[PDB]
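Take a look at the structure set out below.
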Amino acid sequence: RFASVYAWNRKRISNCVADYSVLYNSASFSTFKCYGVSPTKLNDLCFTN
Amino acid sequence: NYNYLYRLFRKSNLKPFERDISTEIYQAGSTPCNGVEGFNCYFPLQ
């Protein structure tokens, strides 16, 4: 039940480990972009929420 | 002018006072590089 651009599925995600390598080593999706960071090092330098 | 271009990424950092002029498609993925543009290999010279 994917939402539309006017009203999104606002998912505020919190303390957990986000395995960007899982989404990066698999080409299931057509295009992956991440701002100014390689996906692999995305698993090393981390953030708040 | 569109001739002036830099390097977007490569294997690791550059040793001081060293020049790299290689144009091989950098393999930014676990999948082996196919030698052309794809989903894991991109042209290093942006």
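The chain as shown is numbered from 1 upward.
Each residue, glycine too, has its Cβ placed from N, Cα and C.
Copied over from Swiss-Prot, here are the features:
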- B:1-9: region 'Immunodominant HLA epitope recognized by the CD8+' (REGION)
- B:8-43: region 'Disordered' (REGION)
- B:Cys33-B:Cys41: disulfide bond (DISULFID)
Task = Please spell out the DSSP helix, strand and coil residue counts for the region 'Disordered' (B:8-43).
result = 0 helix, 4 strand, 32 coil
Inquiry  = What's the number of neighbouring CB atoms sitting within 10 A of the CB on B:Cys33 (disulfide bond)?
reply    = 14
Message = Counting across all protein chains present, how many other Cβ atoms fall within 10 Å of the Cβ of B:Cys41 (disulfide bond)?
response = 19
